[PDB]
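> For the sequence shown, the numbering used here assigns the number 204 to the initial residue and increments by one for each residue that follows. All C-beta atoms in this analysis are idealised placements derived from N, C-alpha and C, irrespective of residue type, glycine included. Submitted below is the structure of interest, expressed as structure tokens.
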Amino acid sequence: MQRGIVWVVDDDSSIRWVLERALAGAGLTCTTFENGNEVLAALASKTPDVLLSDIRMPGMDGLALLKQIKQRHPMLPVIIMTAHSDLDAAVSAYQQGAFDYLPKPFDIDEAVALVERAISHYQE
């Protein structure tokens, strides 16, 4: 149905693949990037229904651009990926009106369903 597009912004192949193949098999678009600054503008295109940043950029700390997603797209459910040194911050920081994040690595089975939880929250 493609009622909810999901984009990705990681600095690794195996990191984007998982998020890609996950949608590739389902009925949802899949857009993988390599720079958060390049994704922020992408939203102005068609505006995704949810994104999953793995946080693997030298300049940005992953949440850097994610901090604007709450101001620009408040009704847009986002997801954070990292698990390691990052959650400790995302816990309170991401709590600034964000949806339960998902630490990586993880099980695509739970991920594919996690994204649908944000898109179904409105459609259902």
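Taking 8 Å as the cut-off, decide whether the C-beta atoms of residue 352 and residue 254 are in contact.
Residue numbering for the chain in the displayed model covers 204 to 327; residue 352 lies beyond these limits and cannot be assessed.
> Count Cβ pairs between the stretch 262–271 and the stretch 291–302 that sit closer than 8 Å; are there 3 or more?
Touching, yes.
> Grab the span of the alpha helix (DSSP H) containing residue 216 for me, first residue to last.
216–227
> Whole angstroms is fine: what's the gap from residue 222's alpha carbon to residue 327's?
22 Å
> If you follow the beta strand (DSSP E) that residue 256 is in, where does it begin and where does it stop?
253–256
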